[PDB]
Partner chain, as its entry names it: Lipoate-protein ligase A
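Below you will find one chain, with nothing else, as structure tokens; this is the form solved without its partner chain, and questions on how it binds or moves follow later.
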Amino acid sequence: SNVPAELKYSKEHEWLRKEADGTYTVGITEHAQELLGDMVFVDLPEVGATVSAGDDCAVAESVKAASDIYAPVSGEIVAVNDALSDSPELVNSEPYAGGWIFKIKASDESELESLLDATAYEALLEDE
């Protein structure tokens, strides 16, 4: 599967993209959406919520499965992708683009060290 070289990743099959203001945009990977199948619901976090790294904060549900989506870093949820409430299949068709799930302002920069680069995420995929 497609593993964009510029992104960061979690072992739970999330990606993170740093934006110009320093916030991160978070979604699930091409591999993740492929395994879940045809998406029917994305339960979004509350804007303004404070989360710790590893907290469950969204859910992706398909016709066959559902999975928790974890905060990859600690911080405040600053935006959510409201389009997924009516078009959850964007997660399937454009997991790195229109299928983004939420944006987070990180509270502890040190946590970024626990994130994977693209090479490590590819290796992880090759390791299932």
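Numbering follows the first chain given and starts at 1.
This next part talks about the form solved in complex with its partner chain, which is not shown.
Taking the partner from elsewhere, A97 is found to have every heavy atom lying beyond 4.5 Å of its partner chain in the deposited complex.
Heavy atoms of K18 never reach within 4.5 Å of its partner chain in the deposited complex, leaving it off the interface.
Taking non-hydrogen atoms only, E128 approaches its partner chain to within 4.5 angstroms in the deposited complex.
Contact check for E76: no non-hydrogen atom falls within 4.5 Å of its partner chain in the deposited complex.
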